[PDB]
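Note: ideal-geometry Cβ built from the backbone for every residue, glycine included; neighbour counts use all protein chains shown. The numbers here are math on the coordinates, done by the rules we state, and not lab data.
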Amino acid sequence: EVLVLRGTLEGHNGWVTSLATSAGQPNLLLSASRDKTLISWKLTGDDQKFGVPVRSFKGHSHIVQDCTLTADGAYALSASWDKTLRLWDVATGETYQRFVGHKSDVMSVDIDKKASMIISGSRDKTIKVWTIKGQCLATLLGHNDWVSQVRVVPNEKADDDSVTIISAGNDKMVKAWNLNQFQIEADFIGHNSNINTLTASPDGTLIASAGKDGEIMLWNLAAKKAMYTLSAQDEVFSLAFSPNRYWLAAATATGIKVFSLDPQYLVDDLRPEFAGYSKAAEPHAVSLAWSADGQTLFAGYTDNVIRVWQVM
Amino acid sequence: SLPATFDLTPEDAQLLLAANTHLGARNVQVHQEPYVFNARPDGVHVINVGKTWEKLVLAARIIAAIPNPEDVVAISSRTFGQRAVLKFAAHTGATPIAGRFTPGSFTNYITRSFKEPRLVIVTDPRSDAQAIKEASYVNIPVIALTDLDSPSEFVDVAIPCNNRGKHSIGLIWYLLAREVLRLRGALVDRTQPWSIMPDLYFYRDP
Amino acid sequence: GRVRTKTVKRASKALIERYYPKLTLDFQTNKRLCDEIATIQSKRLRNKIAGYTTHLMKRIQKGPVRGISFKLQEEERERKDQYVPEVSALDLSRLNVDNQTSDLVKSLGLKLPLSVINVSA
Amino acid sequence: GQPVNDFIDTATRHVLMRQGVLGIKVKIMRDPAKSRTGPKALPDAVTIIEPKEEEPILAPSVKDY
Ligand SMILES: [Mg+2]
């Protein structure tokens, strides 16, 4: 199966710094960008248009770094450089609760299962965990450099015994936290440059981390070991795991590369053409996420476009 | 005198004649050069490559005579000799200057790059004219690699070669590094070829 | 005119010299990290310094630039400096000499192979 | 500029002699580092923080609890 051209989505005035989807509505797509706003999209499944935005969310005073959606497809969360987090709904905009207390920018926010609490990795070398009322119940330290990306793991069992989160900063080392005890459990060392993205597999066992040197090296936090390392030979910006089938995608500087990780080869080396842009550096994807069905992959490029790749 | 084992060995004569050190400048000729031997037609003069050997042996005796090794200074503002003097810097003390001399290095004691040698070695006296001039102010011997048209003013021991050549600058600096290392104690066998490759002393264009 | 002063240029030069495995070709993340990595008294100066570092990152990514030798640069130049060829260009590839070169060897009394070739004007 | 108002103290006095009047003007620039109030340095003076050198990890090693 080959990912091909489907359409482009023009709804921003900046780099699409985040893409997120929910299983409640397959036609929804939340997109945070550099223009201090969030654009929710509506998909129709057609030619190059692919559909229209539904709601535009405003209220952040700086670059909205990371956006995420809950399971129901209604509530949304945004991490922006204005030292605050905002909780929205896709119905009428309508920021429910702000989350202030960080002394600097916050990179990544993440919602736990059953909308229970939220974690947030910021640029003040802290991982703040917040309630939905706006109360930061816990603050976690221990990172020497400021964190670049945090994520929760998807528990395969429906809340078996506990939930855990993972952290990745510019300190070439990956932390693994259990916020039930607010304790550190695993230091993951082996990176040679600053880590800028990490992603956990939907199976809840595999962790892929990658940085400026462009290596994508794997961990299994169930066994707390390291499997291997494979490189895209250029800087990589974001990673994404397919929810249904065994693929791993990487948003590189030269373009996008999707990996079939069971026999571990490259697939097609996605290189779209942008009608010129020859003299300077070509635009590249900065944030990407697989859809709920897994047959469509959205990628946020720098030139104001969310591009969709779909298997045939 | 000499124990008669330092004479010109045949494979070193092969190295000198394959690095093209025997040919010199054109019919230009300074009378301070009696190394000229049997002027070739088309305006080429042949350097007696024998005579360069005792001068290289004598120059090697000067460098080994200095107690502290890091005070000898190798200068090459020519583009064909920065790798040679830097490689000469690695195999001995031989604190180098490659590129710009930054005048006021031998005088001007409050310079950040103030260096005082007890001996300087220069690749080309015409291009390193600042180095020989500053050595004339602060009482310093100089060793030069000379063509048959070189400005030998203020110049002590000189090794006749072609500074116009590509390979000749590298080989002569390599041979000078070989003899001073044998005398000092880094090499123990006179007949050993000093297994590090002579092609290390060569400038690269990219 | 948007010519930058030497205080901006040298502050950018020192950051490039010292923090290459760091700040990248994006101005926004460079400004957000050059504020704490360097004590700069003015926000106008901080954006000017972070701006010129990004312009230097673009210059660095396309070939080397003069006046900059950071931690991955001098190790690159010494590795290419360490070329040890096995072809032995100074060694014999088959030597060619003229008439005037040939009598030099026998006057020294050495035994070498010479293929004499005449040269005339 | 503004640092002149911040770092420089000035005084002027009239000295009366039998031939006339002398004028005394004393300007003292203090050290900006020991200011103890307000700014701590000149605006054009930046300060690059020296980093911490670190060797490569050279192998993927896992530190557990
Ligand atoms: Mg331009």
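Within region D:15-25, is there a residue that is surrounded by 10 or more Cβ atoms within 10 Å (Cβ to Cβ) and among the small types (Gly, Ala, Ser)? Scanning region D:15-25 turns up no residue that is surrounded by 10 or more Cβ atoms within 10 Å (Cβ to Cβ) and among the small types (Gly, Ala, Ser). Taking the condition of a type in the set (S, T, N, Q), surrounded by fewer than 16 Cβ atoms within 10 Å (Cβ to Cβ) and farther than 18 Å from residue A:256 by Cβ, does residue A:48 pass? Against the criterion (of a type in the set (S, T, N, Q), surrounded by fewer than 16 Cβ atoms within 10 Å (Cβ to Cβ) and farther than 18 Å from residue A:256 by Cβ), residue A:48 qualifies. Residues that are of a type in the set (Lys, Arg) and at positive phi within region A:222-255 comprise just one, A:224. Does region C:1-13 include one or more residues that are within 14 Å of chain B (Cβ to nearest Cβ), surrounded by 16 or more Cβ atoms within 10 Å (Cβ to Cβ) and not polar (S, T, N, Q)? No: region C:1-13 contains no residue that is within 14 Å of chain B (Cβ to nearest Cβ), surrounded by 16 or more Cβ atoms within 10 Å (Cβ to Cβ) and not polar (S, T, N, Q). Restricting the first member to region A:193-204 and to residues that are within 14 Å of another protein chain (Cβ to nearest Cβ), and the second to residues that are assigned to a loop (DSSP other than H, G, I, E, B), the beta-carbon pairs closer than 6 Å and six or more apart or on different chains are A:193/A:212; A:193/A:213; A:193/C:21; A:194/A:170; A:194/A:212. Looking at A:22, A:40, just one residue is of a type in the set (S, T, N, Q) and assigned to a strand (DSSP E or B), and that residue is A:40. Checked against (1) buried (at least 20 other Cβ atoms within 10 Å of the Cβ); (2) in contact with a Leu (Cβ under 6 Å, 6 or more places away or on another chain), residue B:10 meets all criteria but (1).
Taking the conditions exactly as written (within 12 Å of chain C (Cβ to nearest Cβ), closer than 18 Å to residue B:183 by Cα and either out of contact with any strand residue (DSSP E or B) (no Cβ under 9 Å at 6 or more places or on another chain) or of a type in the set (A, V, I, L, M, F, W, C) (or both)), does residue B:18 satisfy them or not? Judged against the criteria, residue B:18 is not a match.
With respect to being away from chain A (no Cβ under 14 Å), in contact with an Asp or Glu (Cβ under 8 Å, 6 or more places away or on another chain) and surrounded by 10 or more Cβ atoms within 10 Å (Cβ to Cβ), residue D:3 falls outside the description. Considering region B:33-81, the residues that are within 30 Å of residue C:120 (Cα to Cα) and of a type in the set (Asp, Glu) include one that is surrounded by the most Cβ atoms within 10 Å (Cβ to Cβ), namely B:33.
Of the residues A:168, A:176, the single one that is assigned to a strand (DSSP E or B) and within 13 Å of chain D (Cβ to nearest Cβ) is A:176. So in region C:106-121, with the set limited to residues that are closer than 28 Å to residue B:196 by Cα and touching a helix residue (DSSP H, G or I) at 6+ places or on another chain (Cβ under 7 Å), which one is farthest from the other protein chains (Cβ to nearest Cβ)? So, considering only residues that are closer than 28 Å to residue B:196 by Cα and touching a helix residue (DSSP H, G or I) at 6+ places or on another chain (Cβ under 7 Å), the one farthest from the other protein chains (Cβ to nearest Cβ) is C:114. Scanning region D:35-61 for residues that are facing another protein chain (nearest Cβ under 7 Å) and either surrounded by 14 or more Cβ atoms within 10 Å (Cβ to Cβ) or within 28 Å of residue C:48 (Cα to Cα) (or both) yields D:39, D:41, D:43, D:44, D:46, D:47, D:48, D:49, D:51, D:60. For region A:233-240, indicate whether the set of residues that are assigned to a loop (DSSP other than H, G, I, E, B), more than 12 Å from chain D (Cβ to nearest Cβ), over 20 Å from residue A:290 (Cβ atoms) and acidic (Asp, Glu) is non-empty. Among the residues of region A:233-240, at least one is assigned to a loop (DSSP other than H, G, I, E, B), more than 12 Å from chain D (Cβ to nearest Cβ), over 20 Å from residue A:290 (Cβ atoms) and acidic (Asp, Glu), which makes the answer yes. Here is a list: A:145, A:110, A:160. Which entry is surrounded by 13 or more Cβ atoms within 10 Å (Cβ to Cβ), away from chain C (no Cβ under 14 Å) and charged (D, E, K, R)? Checking each option against the conditions leaves just A:110.
Scanning region A:74-93 for residues that are assigned to a loop (DSSP other than H, G, I, E, B) and in contact with a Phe, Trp or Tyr (Cβ under 7 Å, 6 or more places away or on another chain) yields no hits at all.
Kindly indicate the residue of region A:213-232 that is within 14 Å of chain D (Cβ to nearest Cβ) and more than 17 Å from residue A:260 (Cα to Cα) and also surrounded by the most Cβ atoms within 10 Å (Cβ to Cβ) among those meeting that condition. Per the stated criteria, the residue is A:221. Scanning region C:26-51 for residues that are away from chain D (no Cβ under 12 Å) and either in a helix (DSSP H, G or I) or farther than 22 Å from residue A:34 by Cβ (or both) yields C:27, C:28, C:29, C:30, C:31, C:32, C:47, C:51.
Quick check on region C:89-98. Is at least one of its residues part of a helix (DSSP H, G or I), touching a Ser or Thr at 6+ places or on another chain (Cβ under 7 Å) and surrounded by 12 or more Cβ atoms within 10 Å (Cβ to Cβ)? Within region C:89-98, not a single residue is part of a helix (DSSP H, G or I), touching a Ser or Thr at 6+ places or on another chain (Cβ under 7 Å) and surrounded by 12 or more Cβ atoms within 10 Å (Cβ to Cβ).
Looking only at residues in region A:243-280 that are outside any loop (DSSP other than H, G, I, E, B) and among the β-branched types (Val, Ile, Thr), which one is surrounded by the most Cβ atoms within 10 Å (Cβ to Cβ)? My answer is A:256. Of the residues making up region A:186-232, those that are assigned to a strand (DSSP E or B) and either of a type in the set (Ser, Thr, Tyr) or touching a helix residue (DSSP H, G or I) at 6+ places or on another chain (Cβ under 6 Å) (or both) number 6.
Of all the residues in region C:99-121, those that are surrounded by 14 or more Cβ atoms within 10 Å (Cβ to Cβ), among the hydrophobic types (A, V, I, L, M, F, W, C) and in contact with a strand residue (DSSP E or B) (Cβ under 9 Å, 6 or more places away or on another chain) number 4.
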